[PDB]
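Student: mind folding the following:
(5 chains)
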Amino acid sequence: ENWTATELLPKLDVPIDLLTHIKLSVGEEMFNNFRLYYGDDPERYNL
Amino acid sequence: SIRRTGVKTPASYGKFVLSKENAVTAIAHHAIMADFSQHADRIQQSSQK
Amino acid sequence: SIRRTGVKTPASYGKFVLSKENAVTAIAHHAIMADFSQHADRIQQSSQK
Amino acid sequence: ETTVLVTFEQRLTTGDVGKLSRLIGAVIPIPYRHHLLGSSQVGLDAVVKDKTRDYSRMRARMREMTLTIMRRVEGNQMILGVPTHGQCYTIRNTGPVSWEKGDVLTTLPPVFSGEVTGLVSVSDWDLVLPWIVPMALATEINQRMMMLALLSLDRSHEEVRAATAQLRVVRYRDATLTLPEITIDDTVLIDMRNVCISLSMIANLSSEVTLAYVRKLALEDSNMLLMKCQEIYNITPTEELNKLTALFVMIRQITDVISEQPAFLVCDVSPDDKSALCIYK
Amino acid sequence: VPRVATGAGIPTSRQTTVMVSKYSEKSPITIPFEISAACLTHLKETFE
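Tutor: Numbering: from 1, shown residues only, chains lettered A, B, ... in the order given. Dropping the coordinates below:
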């Protein structure tokens, strides 16, 4: 993606649906084309 | 347990529409962000709302 | 062929001041486009004007 | 059907469709010829990734393909008009040969100097286009496949490879391509027989006037063709008519062995040398 | 582009659509300057 739009622009905090857990979901690619950060992400502020 | 009843349903399809503001996003780079005008108000508003 | 001449000159910088919508565009697809809403006016109006 | 709307069916990019937007007018083969096809069939790449993968099986395969012309590339719809026999169509160049206005073009399987990404290896699938070569490079590259298959008949194991490398750098107009490390395959062998049979019958029909013509000409003339070919009566003309004609049956056949299908015949070439008005499928 | 074609047997021209692009170059300027900590300390504590 161009993930920075999701990083800065407002969210769709919506009724969601997960199978097992979201980390296992993205580690099985239940979700297609994810992105994952444990840390306080600094790359959303360098553009 | 099967009950046979009339179900409320839509009688037409949905509308997803390209704004004037959204059409420039096409001829810039072919990829369309929905609510592209809505996030425009958001940057002159706070950080994320 | 030389004169010492009082010549008009800009005392101030110019302002390339982004639309807040243009910042929405740059976070959307990394392409600032000059006078974005004016191009949207040209979409709802004649294209090559 | 003629107009072929194509499903992409893969996950393409903006950088994909920007390339085909400038490639409108390219040659894409389709096997099934529907109005609605998917990109599994549309494109030539899906058979050049076979496991045997020699020029002997790819050339004989794609003569059952049906060529189309790229039109109306916006987003995910590919309009492919199947050309009709004898209308003028323009064609964007897919291979670096300048096509030299006024001549017949053909269909070359794939570059086969490596495996070129024809568009972009999208989901490990690229869309590779045929080369459209001006029938001189087509016949020559098909000649040398049988030249070096006749060579491997009477060589042991190395004077093949010392003489294929002599003959594989084909220096053509704008292109120096490579014979694909010639694999001896039976589609060559069934037709290398009939070539060797066609060479036999010309020796039978050579009625000692057609024979001795160069060997009588070297006594009188000094020509460039005459000197390079030094190293390399009867009152029956009506019979010589029939023997020369039966000789012409063979040479219109033994050329047709190594020649290809006549295809797009050049109307005009742009000064850009990229888009070429062409008639005659 | 403009266009001009002429005569018979004289070649002609098709469409040359020209969209050129010119780019930018970054060159950030930087000067240092030094201020002594005693000079700052006279602002800091300001003795008797």
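Student: how about the helices in chain B?
Tutor: Assigned by DSSP state H, the helices in chain B fall at B:20-29, B:38-44.
Student: out of those, which comes closest to residue D:256?
Tutor: Across those, the minimum distance to residue D:256, taken as C-beta to C-beta, is reached by helix B:20-29, at 51.2 Å. Bear in mind the C-beta positions are built from the backbone N, C-alpha and C, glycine included.
Student: contacts for that closest one?
Tutor: B:18, B:31-34, B:36-37, B:40, C:21, C:25, C:28-29, C:31, C:33, C:36-37, C:39-41, C:43-44, D:14 (C-beta atoms under 8 Å, 6 or more residues apart in numbering or on different chains).
Student: filter those residues down to the buried ones, PyMOL style.
Tutor: Here is the PyMOL command that selects the buried residues among the contacts of helix B:20-29 (16 or more other C-beta atoms under 10 Å in any protein chain shown):
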select buried, (chain B and resi 33+36+37+40) or (chain C and resi 21+25+28+29+33+36+39+40+43)
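Student: helix, strand or coil for the residue of chain E found nearest chain C?
Tutor: Across chain E, the shortest distance to chain C (C-beta to the nearest C-beta) belongs to residue E:24, at 11.9 Å. With DSSP: H, G, I helix; E, B strand; the rest coil as the basis, the three-state label of residue E:24 is coil.
Student: how many residues are close by it?
Tutor: Residue neighbour count, defined by other C-beta atoms under 10 Å in any protein chain shown, stands at 4 for residue E:24.
Student: how about residue D:15?
Tutor: Neighbour number of residue D:15 under other C-beta under 10 Å is 10.
Student: let me see the contact set for it.
Tutor: Contacts of residue D:15 (C-beta under 8 Å, 6+ apart): residue D:120.
Student: contact residues of chain B facing chain A?
Tutor: Residues of chain B lying near chain A by C-beta under 8 Å from any C-beta of the partner chain: B:31, B:33, B:39, B:42, B:47-49.
Student: which residues are contacting whichever helix in chain D runs longest?
Tutor: In chain D, assigned by DSSP H, the helix with the most residues is helix D:237-258. By C-beta under 8 Å, 6+ apart, the residues outside helix D:237-258 that reach it are D:139, D:142-143, D:146, D:191, D:194-195, D:198-199, D:201-202, D:205-207, D:209-210, D:234.
Student: need the buried ones from those selected in ChimeraX.
Tutor: Listed next is the ChimeraX selection for buried residues among these, using 16+ other C-beta under 10 Å:
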select /D:139,142,143,146,191,195,198,205
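Student: assumed residue E:42 was part of a helix.
Tutor: Yes. Under three-state DSSP, residue E:42 sits within a helix.
Student: neighbours around it, how many?
Tutor: Count around residue E:42 with other C-beta under 10 Å applied: 11.
Student: repeat for residue D:79
Tutor: For residue D:79, using other C-beta under 10 Å, the count is 16.
Student: how about residue D:182?
Tutor: 23.
Student: got a list of what it touches?
Tutor: So, once contact is read as C-beta under 8 Å, 6+ apart, residue D:182 ends up touching D:55, D:144-145, D:148-149, D:152, D:164.
Student: element containing it?
Tutor: For residue D:182, there is no helix or strand it lies in under DSSP states H and E.
Student: find the centremost residue of chain A, please.
Tutor: By C-alpha atoms, centre = their mean, the mean C-alpha position of chain A lies nearest to residue A:35, the distance being 4.8 Å.
Student: kindly report the same for chain B.
Tutor: Most central in chain B (C-alpha atoms, centre = their mean) works out to residue B:34, at 5.2 Å.
Student: list the contacts of that one.
Tutor: Counting by C-beta under 8 Å, 6+ apart, residue B:34 has contacts B:16, B:22.
Student: measure it to residue B:41 for me?
Tutor: Look at residue B:34 and residue B:41: by C-beta to C-beta, to the nearest Å, they are 15 Å apart.
Student: residue D:126 too?
Tutor: 43 Å.
Student: what's the answer for residue A:37, then?
Tutor: Taken as C-beta to C-beta, the span from residue A:37 to residue B:41 is 27 Å.
Student: returning to that earlier point: so which of the contacts of helix D:237-258 reach chain E?
Tutor: Okay, of the contacts of helix D:237-258, nothing touches chain E (C-beta under 8 Å from any C-beta).
Student: among the contacts of helix D:237-258, which ones are in strands?
Tutor: In strands, judged by DSSP state E, none of these are found.
Student: where does residue D:20 land in three-state SS?
Tutor: Strictly by three-state DSSP, residue D:20 counts as helix.
Student: please name the nearest non-neighbouring residue to it.
Tutor: Nearest non-adjacent residue to residue D:20, counting by C-beta to C-beta, 6 or more residues apart in numbering or on different chains: residue D:73, 4.4 Å away.
Student: ok, now residue D:139?
Tutor: residue D:259 (4.9 Å).
Student: quick one, what contacts the one you found?
Tutor: Per C-beta under 8 Å, 6+ apart, neighbours of residue D:259: D:135, D:138-139, D:142.
Student: do the same with residue D:188
Tutor: Counted by C-beta under 8 Å, 6+ apart, residue D:188 has contacts D:56, D:145-146, D:149.
Student: if you set the cut-off to 6 Å instead, what comes out?
Tutor: D:56, D:149 (C-beta atoms under 6 Å, 6 or more residues apart in numbering or on different chains).
Student: what does stretch D:142-154 rub up against?
Tutor: With contacts defined as C-beta under 6 Å, 6+ apart, stretch D:142-154 is touched by D:160, D:164, D:167, D:179, D:182, D:184, D:188, D:192, D:258.
Student: rerun at 7 Å
Tutor: Stretch D:142-154 has contacts (C-beta atoms under 7 Å, 6 or more residues apart in numbering or on different chains) with D:55, D:160, D:163-164, D:167, D:179, D:182, D:184, D:188, D:192, D:195, D:258, D:260.
Student: chain center to that stretch: distance?
Tutor: Mean-position distance between stretch D:142-154 and its chain equals 17 Å (C-alpha atoms, centre = their mean, to the nearest Å).
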